[PDB]
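Participant: Have a look at this one.
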Amino acid sequence: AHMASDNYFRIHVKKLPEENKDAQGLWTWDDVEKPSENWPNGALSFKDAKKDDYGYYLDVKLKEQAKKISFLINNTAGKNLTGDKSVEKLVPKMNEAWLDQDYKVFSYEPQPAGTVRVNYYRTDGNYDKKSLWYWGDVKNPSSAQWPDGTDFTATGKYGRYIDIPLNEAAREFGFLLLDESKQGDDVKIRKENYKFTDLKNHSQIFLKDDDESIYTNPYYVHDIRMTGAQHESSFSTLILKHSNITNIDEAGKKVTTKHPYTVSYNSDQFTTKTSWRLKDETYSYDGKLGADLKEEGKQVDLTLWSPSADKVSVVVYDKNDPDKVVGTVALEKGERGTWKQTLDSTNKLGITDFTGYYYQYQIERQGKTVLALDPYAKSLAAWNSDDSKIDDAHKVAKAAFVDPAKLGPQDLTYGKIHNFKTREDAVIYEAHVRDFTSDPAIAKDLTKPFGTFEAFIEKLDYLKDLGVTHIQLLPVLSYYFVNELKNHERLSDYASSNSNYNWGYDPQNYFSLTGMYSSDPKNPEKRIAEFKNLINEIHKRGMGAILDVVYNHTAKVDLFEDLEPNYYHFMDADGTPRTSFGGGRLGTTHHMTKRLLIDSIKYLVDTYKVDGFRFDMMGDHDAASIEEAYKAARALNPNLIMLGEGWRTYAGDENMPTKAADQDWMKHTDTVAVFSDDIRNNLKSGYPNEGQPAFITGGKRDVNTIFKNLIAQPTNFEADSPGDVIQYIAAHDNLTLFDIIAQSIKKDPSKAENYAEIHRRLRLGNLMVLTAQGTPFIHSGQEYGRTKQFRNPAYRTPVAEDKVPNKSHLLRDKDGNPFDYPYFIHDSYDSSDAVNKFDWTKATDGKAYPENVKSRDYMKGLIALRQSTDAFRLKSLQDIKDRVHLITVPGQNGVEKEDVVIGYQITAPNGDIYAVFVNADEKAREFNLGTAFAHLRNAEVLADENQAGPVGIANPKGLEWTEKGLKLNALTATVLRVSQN
Ligand SMILES: OC[C@H]1O[C@H](O[C@H]2[C@H](O)[C@@H](O)[C@@H](O[C@H]3[C@H](O)[C@@H](O)[C@@H](O[C@H]4[C@H](O)[C@@H](O)[C@@H](O)O[C@@H]4CO)O[C@@H]3CO)O[C@@H]2CO)[C@H](O)[C@@H](O)[C@@H]1O
Ligand SMILES: OC[C@H]1O[C@H](O[C@H]2[C@H](O)[C@@H](O)[C@@H](O[C@H]3[C@H](O)[C@@H](O)[C@@H](O[C@H]4[C@H](O)[C@@H](O)[C@H](O)O[C@@H]4CO)O[C@@H]3CO)O[C@@H]2CO)[C@H](O)[C@@H](O)[C@@H]1O
Ligand SMILES: OC[C@H]1O[C@H](O[C@H]2[C@H](O)[C@@H](O)[C@@H](O[C@H]3[C@H](O)[C@@H](O)[C@@H](O)O[C@@H]3CO)O[C@@H]2CO)[C@H](O)[C@@H](O)[C@@H]1O
Ligand code: NA
Ligand code: NA
Ligand code: NA
Ligand code: NA
Ligand code: NA
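Mind the numbering: the sequence shown is residues 130 to 192, 194 to 361, 368 to 374, 382 to 390, 403 to 411, 419 to 1143 in the deposited numbering, read in order.
Okay, here's the thing in structure tokens:
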């Protein structure tokens, strides 16, 4: 059937990870015909899986020469149930694999424990008197009269076979292949014993004819074999005799003219590829790159780096119908592997003004042609990935000839940001352009199309009122999996997968803006004007703009492989691009990839006059690239700030370690800050253990650990500067603060009392964050209690396993009972506007939602408070150790080592004394002041259980002053200030 086919692959499954097969699917990537898309339900469902004696199997179409098939089993939920799996196709006809009940992968059907199957294949097909004589770690060794061994009678897939019962923990056995039609010694097919050493790992072995080797796969490939060559050979495991070449590091499994060589070990032959490093020696190019539109549109200077190309032409498409090809113009060689051309009045395209015309690069290598996107494109044709299968032209976007300087508000320059002098002074607010205005409640209010750069301007006053200094925007650079032609359609049904909505972490280009937030994606110029406008309006309200940027990976390997093969990405030994979600991992240590990142940073700073960047998965990069970027950015805007995700994720090029730009980098630089998961996890929980009780959610924590985090000394990386630390409890990733608090305390928000309690804890957390040292970061909607509850009317109670929303948690109360509408989305990257909308009514309408608006005013107060004195934003570790002192010290005045209370004092530079007291407990708690802190009784109260700000509260609520000190009501924090003035 498909087993009589060159390009099908059968994956067999011992047991499905979960109970219901209707809710599970086989997700595939790498060398398959159609890699699975639309997580999770685009997976091949087990609903229709056929079944053999072993279990379920599924067949997958291939795309020859297919070598690597990757797969996993997911669910509707859609968790990655098995974890990622991978099979290498050993020979062309290896068309089957098996997953065991431990999700290990075999090239043969695994046999039950306590059994080794012995497979013997004979080219001559004569098994008549063929038998096996065996001994060792087996139950019943050959005991009869020699040479009466066990007959080979059963015929299988790989010759005849014998099943041998094993002992427990079997490790070694020995055997002889016999031909009992012979006499004396000639009954031994090979005279010398066979010994198999590896019964712990294999339940089948494979023998043929009189071959001495004991094979571990049915394709008779040896254990030691070559896998790559450069220019040092990749091996499977670990010579002079068998190696050849024309035209010994075993722990790393490795063995060690300007044109390709040919290397072979026995039977496996490899064409050599150039190291990226060699490429860099000869082609490292530092001149201008891209399409620069000059002479008022009448000329274009093109430069593309493509060293390995034979020919390069620009294909020019019509400004009014991008499908129409106008013509082609050959590029000529330039310096250092570039290709160049000047398009001017001399063109044979019938073009006078090039502005708004579109283009791709037709690249010819070894007689094969591809269409590639200029990595330096400044805008793009309207993009729809749903049309990517139409032809080569639709596989990647078309670039546009544009001139950004001329577009948008001409007065545009860097922000002059209120209450901001250094990185400790910033208050970062993280918003998605679409979320911020997609709430249908404001539809009649908006004058611009919703969810766009320009609609965003209409709600900037809310943010100015809030007091934030820096608006961090989720990716506005072009991303792939999106239909921009549908950007004005409202995504009003609840859904958490298969949506046109995208957060933007699928990068297509690093210079062009996405058309998704444009009023007109078909106009390549409008998005530039619109964005420059948004940025200008942000500045004119005394704020800055920070751009989430995603250099760590692209959406598709082809985007950069088709420009120049085996260079731009991080790669394995063989030179295979390292990948992430089907795209390439960009190798920022490679000269031209490094300059891609830096040129981009420089270009977006100069063009859009932005005030900083947030690096997605920054730990994926080398530290040097990021520091270089910081320098280059600052040379243009000396007030610019950077931050990133410094998780410890560096992979890099195989066998090449580099200092990564992660949390550990902080002890060596005072430039780019990192997110502090230590504070996040300690106060409320975090990935991957969401909902674990923690400091503001009923879970006592180590009091010193809390204090350290509050002075910007997280306990999991060294911060020698408080500006190194981005302090946060919520972000676009994971559950919202409101949602995680409800999850953690197991209280359903649909009981009004629970709603009240969650908001108390929410204010608490926000207080702790906004009075902490370092740089506070606020997830958009964190101020009002934003929710991502899944409120589809059919989802009021738990649903069938095959209807569970993608990336949801089912929240339960104390009795284990589902909340009302128990599903909450914790990863909303592919969720609709119903999930993702910023709720404007909850944020602003005090009569309809007193509690939500009370929390919003609380935030606004905390930001004013923070801005009123430098006490909370001290500029050095040393000063922080001078000025900040723990009042509730573990082991004194009966202060427990772990608790849900804390108190401390700051002596500000101007001599004012500030104190922060937090009672996250469910009863009144007393803070012992002693003699040392008696002066706090003189304080004005700046924050209580109802409100916050820099002006003293006349009638403070939730406080009682006692003999010992100060007693806070349950779920109460206070900020105190004493001014000896
Ligand atoms: O496809 C993979 C997943 O992608 C998304 O996961 C996100 C998380 O939601 C983010 O929170 C972040 O994860 C960080 C994490 O915040 C950070 O604390 C750190 O966690 C480490 C921890 O330090 C270490 O001690 C140990 O416990 O391992 C943890 C890793 O699990 O590092 C994380 C990054 O590795 O970023 C990830 C990746 O984008 C998405 O939400 C998921 O649904 C999805 O499965
Ligand atoms: O197709 C091959 C890949 O298959 C599997 O990957 C799937 C994930 O396991 C699954 O969670 C989901 O992944 C999405 C994330 O949940 C979502 O958060 C986002 O991830 C972003 C991330 O937020 C950002 O920080 C990072 O830099 O970019 C990520 C990618 O855009 O989108 C994810 C991708 O859709 O779906 C995946 C299938 O597409 C295997 O686990 C994976 O190893 C394979 O490569
Ligand atoms: O466990 C005890 C025993 O095991 C092994 O003996 C095996 C021999 O090594 C192996 O060659 C085979 O012996 C047969 C001869 O090859 C054959 O010419 C003729 O003489 O019959 C022999 C078997 O009776 O099989 C035995 C296992 O039966 C191990 O190697 C020995 O050292 C050990 O004594
Ligand atoms: Na092998
Ligand atoms: Na509308
Ligand atoms: Na850690
Ligand atoms: Na939030
Ligand atoms: Na100041």
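For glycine and all other residues, C-beta sits at the position ideal for the given N, C-alpha and C.
Does ligand 3 have a heavy atom nearer than 7 Å to the CB of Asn270?
Facilitator: For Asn270, the distance from the CB to the nearest heavy atom of ligand 3 is not below 7 Å.
Participant: Mapping the DSSP letters down to three states, classify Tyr765 as helix, strand or coil.
Facilitator: Assignment of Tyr765 by DSSP, reduced to helix, strand and coil, places it in the helix class.
Participant: I need the DSSP call for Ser369, collapsed to helix, strand or coil.
Facilitator: strand
Participant: Going by beta carbon distance, what residues of the same chain come within less than 8 Å of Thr436, once the five residues before and after it are set aside?
Facilitator: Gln360, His361, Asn728
Participant: Measuring CA to CA, which of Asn801, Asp773, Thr811, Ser762 is closest to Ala785?
Facilitator: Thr811
Participant: Going by the C-beta, is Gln944 closer than 7 Å to any heavy atom of ligand 7?
Facilitator: Yes, the Cβ of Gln944 comes within 7 Å of a heavy atom of ligand 7.
Participant: Residues around ligand 1, please: the ones whose beta-carbon is closer than 6 Å to some heavy atom of it, in chain order.
Facilitator: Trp809, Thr811, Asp839, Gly848, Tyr849, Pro850, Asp895, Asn896, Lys969, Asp989
Participant: In chain order, what residues have a CB nearer than 7 Å to some heavy atom of ligand 5?
Facilitator: This criterion selects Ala605, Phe612, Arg652.
Participant: Please find out if some non-hydrogen atom of ligand 3 comes closer than 7 Å to the beta-carbon of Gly746.
Facilitator: no
Participant: Go ahead and pull the three-state DSSP assignment for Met678.
Facilitator: coil
Participant: Assign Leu798 to one of two classes, buried (16 or more other C-beta atoms within 10 Å of its C-beta) or exposed (fewer than that).
Facilitator: Taking every protein chain shown into account, the CB of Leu798 has fewer than 16 other CB atoms within 10 angstroms, so this residue is exposed.
Participant: Where do the N-terminal and C-terminal ends of the alpha helix (DSSP H) with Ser426 fall, by residue?
Facilitator: Segment 424 to 427 is the beta strand (DSSP E) holding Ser426; no alpha helix (DSSP H) there.
Participant: Can you list the beta strand (DSSP E) stretches of 3 or more residues lying completely in the region 977 to 1018, in chain order?
Facilitator: 980 to 987
Participant: Tell me whether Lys583 sits in a helix, a strand or coil according to DSSP, three-state version.
Facilitator: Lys583 carries a coil assignment under DSSP once its states are collapsed to helix, strand and coil.
Participant: For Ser640, which option in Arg652, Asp536, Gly737 has the closest C-alpha, if you only look at C-alpha atoms?
Facilitator: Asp536
Participant: Hey, out of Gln1040, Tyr765, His783, whose CA is closest to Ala881's CA?
Facilitator: Nearest C-alpha to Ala881: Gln1040.
Participant: From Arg1035, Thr1124, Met804, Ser659, pick the residue whose C-alpha is nearest to that of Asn998; which is it?
Facilitator: The candidate whose alpha carbon is nearest that of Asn998 is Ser659.
Participant: Just the C-alpha distance for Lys312 and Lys318, rounded to the nearest angstrom, thanks.
Facilitator: The alpha-carbon atoms of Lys312 and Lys318 are separated by roughly 8 Å.
Participant: Suppose you measure from the CA of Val189 to the CA of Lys215; what does that come to, to the nearest Å?
Facilitator: 15 Å
Participant: Do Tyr520 and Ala543 have their C-beta atoms within less than 8 Å of each other?
Facilitator: Yes.
Participant: Which value, in whole angstroms, describes the spacing of the CA atoms of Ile388 and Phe236?
Facilitator: 33 Å
Participant: Look up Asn1090 in the DSSP assignment and say whether it is helix, strand or coil.
Facilitator: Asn1090: strand per DSSP, three-state reduction.
Participant: Closer than 8 Å by C-beta to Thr1124: which residues in its own chain qualify, once you throw out the five before and the five after it? Chain order, please.
Facilitator: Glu1088
Participant: With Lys259 as the anchor, note down where its alpha helix (DSSP H) starts and where it stops.
Facilitator: Counting along the chain, no alpha helix (DSSP H) covers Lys259, and no H or E run does either.
Participant: With hydrogens ignored, establish whether the beta-carbon of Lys583 is closer than 7 Å to any heavy atom of ligand 8.
Facilitator: yes
Participant: For ligand 6, is there any heavy atom lying closer than 7 Å to the beta carbon of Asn649?
Facilitator: no
Participant: Taking the alpha-carbon positions, what's the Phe693 to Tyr770 distance?
Facilitator: 8 Å
Participant: Quick one: what's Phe138 bridged to in DSSP?
Facilitator: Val189
Participant: Please work out which residues of its chain come closer than 6 Å, Cβ to Cβ, to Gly814, disregarding the five sequence neighbours upstream and downstream, and give them in chain order.
Facilitator: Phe732, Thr820
Participant: Could you check what DSSP says for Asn649 in three-state terms: helix, strand or coil?
Facilitator: coil
Participant: Identify every residue that forms a DSSP beta bridge with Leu1128.
Facilitator: In the DSSP output, where bridge partners are listed per residue, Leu1128 has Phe1089, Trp1123.
Participant: With DSSP as the reference, identify every bridge partner of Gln522, one or two as the case may be.
Facilitator: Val477
Participant: Shorter than 7 Å, the distance from the beta carbon of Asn297 to the closest heavy atom of ligand 6, or not?
Facilitator: Not under cutoff, so the answer is no.
Participant: Run the Cβ filter for me: residues under 6 Å from any heavy atom of ligand 4, listed in the order they occur in the chain.
Facilitator: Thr346, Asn347, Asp353
Participant: State the beta-bridge partners of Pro669 as determined by DSSP.
Facilitator: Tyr641
Participant: Looking only at C-alpha atoms, which of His650, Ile292, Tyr663, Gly737 sits nearest to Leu636?
Facilitator: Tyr663
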